[PDB]
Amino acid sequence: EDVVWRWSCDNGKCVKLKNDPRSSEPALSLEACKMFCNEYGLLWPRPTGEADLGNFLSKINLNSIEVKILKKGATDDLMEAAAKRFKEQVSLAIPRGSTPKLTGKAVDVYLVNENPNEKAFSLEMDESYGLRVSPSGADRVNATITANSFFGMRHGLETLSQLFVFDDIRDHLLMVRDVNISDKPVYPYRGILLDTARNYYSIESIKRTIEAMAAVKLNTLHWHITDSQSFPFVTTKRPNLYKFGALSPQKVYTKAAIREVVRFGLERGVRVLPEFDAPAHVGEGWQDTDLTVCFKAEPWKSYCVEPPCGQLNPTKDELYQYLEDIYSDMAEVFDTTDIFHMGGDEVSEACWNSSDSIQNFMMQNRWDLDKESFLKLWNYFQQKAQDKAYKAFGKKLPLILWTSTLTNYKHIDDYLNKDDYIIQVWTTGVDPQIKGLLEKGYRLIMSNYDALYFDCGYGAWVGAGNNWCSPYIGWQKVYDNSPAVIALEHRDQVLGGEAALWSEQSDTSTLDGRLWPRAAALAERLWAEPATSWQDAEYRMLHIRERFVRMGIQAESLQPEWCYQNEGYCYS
């Protein structure tokens, strides 16, 4: 049948009213009301600069949208691909099984990339853009996106597509008539960590994830591609690692597959950043090399944080030949990344100390066998691995390490320096280490576990009860978690943040629900750093969830759809 309700704006809320026939006032459909009732309409993330959406909608012919690239250059391929995707983006405004009447104005989209040769990812990259929409002549619309680079341009196309609304009362595709928007992200690193070693993720699901990231302007996929449970990365130089280490022959990531993902990311402004976690979090794949110790050591609680145990043996020279080859194979296919993540989480002194070969090595260089001595062994390892990584990428590039015993701010400079190492933080946002590190000049990526660990909340995977970092983190808490507040005066040293999806209890099947729409909360926090709280973003968050579902993402459900249709009635 037909929609029988209409909506009217009342104190910032769209209230549902019967669409009575005896009225001379044109009915508003739900999302048409929302577009103007809400401070930022249906935008997500909201812009950081000018956000003028005017007051009117114009009817649009879906088949009369033309994108024109005004400046050519090295990014022609990327700009043309982005332009061709625009119609599909617009169509996301239209619910499945609905069709817009093909009437209304034609839309001219003009893309102006002021530096059409720039296509490298970097922390200094320019992601800003300007967006203007105005009527052109009597029967056309002029949308002009001006940006310093392809990446800013691509963000502009994303925002522009959000300015379309489907009127399901009249079956009209509508667009905001008068728009002036200027926009740029507060932080340059806006990421999602995907662990694909604790469980395998189909490359289809990885690309889908990238699609959703780009929809909310996240720009970094951190691919935690190995761990102790499996080695799915296909290293051509050390093929036994993936042959022995993969969960199955089909559960690998070939060079061809990785190149696909990396290119897919590039087209969508997403840096694909590989991680090789070391010297802990290794195991499967390394059998018969004699380059690990404690693999599957029992009882596991005595040797590691979670089973199976396993750590590299830094005392074996051959290890660094393996490492050099792995890093080199990674550099070959992950060839858009400007940064390399080297893990460095959770090293077990007990594990290293159960090894005879290791104990001899530490005696021979006159270190003892107490906790502080193994820090020296770890330092020895990281220095040699670091040198191999530089050689693999053919240049010095920033390296990332997790917060750990090694990166304790009190002695971190004994081991590292702030120019070469970025620290990924998974402590709570009030942990003293953060202030300590910032005072030493270190740059941080925020992944604080009390707000950014998306795996928390489910059943235990060892024994019973719930998993270690329960309770489940609602989007409200993700949204309110502010790096600016965490860092204070040292804000600029924060490169951004990253939602962590560890995969002990997640795989291809759960990935859409784990990430969405919660990662959108992080997307806005990192893009805009709003002074306002989640309550002020609530209505737009409910809409972005529906947009994800329309994209084919099996996003988590936040509230009854009744609440979405009846703003203001669901509160506490």
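In this text, residue numbers run from 1 along the sequence as written.
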query: 67 to 75 set against 295 to 303, stretch whose average Cα temperature factor tops the other in the entry; finding: 67 to 75
query: Greater mean Cα temperature factor according to the PDB record, 195 to 203 or 441 to 449; finding: 441 to 449
query: Most elevated Cα B-factor in the entry, residues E31, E504, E39, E546; finding: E39
query: Peak C-alpha temperature factor (PDB record), options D335, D325, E284, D370; finding: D370
query: Among modelled residues of the same chain, the CA temperature factor third for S24; finding: highest
query: Chain third (lowest, middle, highest) by recorded CA B-factor, residue given as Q535; finding: middle
query: Assigned third (lowest, middle, highest) for the C-alpha B factor of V425; finding: lowest
query: Lowest, middle or highest third - CA B-factor, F231; finding: lowest
query: Entry-reported Cα temperature factor of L102, expressed as the chain third it lands in; finding: highest
